[PDB]
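Residue numbers (the authors' numbering): 889 to 902, 907 to 937.
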Amino acid sequence: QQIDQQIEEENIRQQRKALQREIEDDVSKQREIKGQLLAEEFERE
Numbered sequence: 889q890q891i892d893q894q895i896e897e898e899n900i901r902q907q908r909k910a911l912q913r914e915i916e917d918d919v920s921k922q923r924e925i926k927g928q929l930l931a932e933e934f935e936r937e
């Protein structure tokens, strides 16, 4: 039974990555939004 659950302990060490993927979305959006907004700043002059 301990081995059965020793394996589960590793199964659980194996959500952070999906948040990491999200981290990159956060980065891309803000980076590109700054460019979109500067393009808007000119359009809005």
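Backbone N, C-alpha and C define an ideal beta-carbon position, used for all residues, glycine too.
In the structure shown, what three-state DSSP assignment does residue i receive?
i      : result
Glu896 : helix
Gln889 : coil
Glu935 : helix
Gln928 : helix
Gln922 : helix
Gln912 : helix
Quick one: what's got a C-beta closer than 8 Å to residue i's C-beta in the same chain, skipping five residues either side?
i      : result
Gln902 : none
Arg908 : none
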